[PDB]
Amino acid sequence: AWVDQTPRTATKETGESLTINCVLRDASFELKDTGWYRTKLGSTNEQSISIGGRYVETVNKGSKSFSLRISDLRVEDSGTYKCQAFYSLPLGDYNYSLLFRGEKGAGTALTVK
């Protein structure tokens, strides 16, 4: 399996939006959850993006697609963005399963100004 992440690079002006599209390709396991991460300009630390506000995610599990649209961009939003698939393994208990990290997109290098 692999995550097909587009676009690879983007340049936007402040105030514009970016849509990043991810598609889980040649899947073995069923897509359960998704995550979005960024290393912002000036920083070496990759951090999680909380979905909400300027950050709007749309997930279509049937087409194995998940997208992030970031509105009202500012120059500090510039950086590398990566999406990630998550899967689960069953357990012998509940209603309680085992979530685990899946494949990551290759990234989108965004430049804002």
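Numbers for residues come from their place in the sequence shown, where the first is 1.
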item	value
Modelled-residue ranking by C-alpha temperature factor, third containing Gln84	lowest
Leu18 by Cα B-factor - lowest, middle or highest third of the modelled chain	middle
CA B-factor placement of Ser48, once the chain's modelled residues are sorted into thirds	highest
Assigned third (lowest, middle, highest) for the C-alpha B factor of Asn60	lowest
Ranked against its chain, the third holding the CA B-factor of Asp77	middle
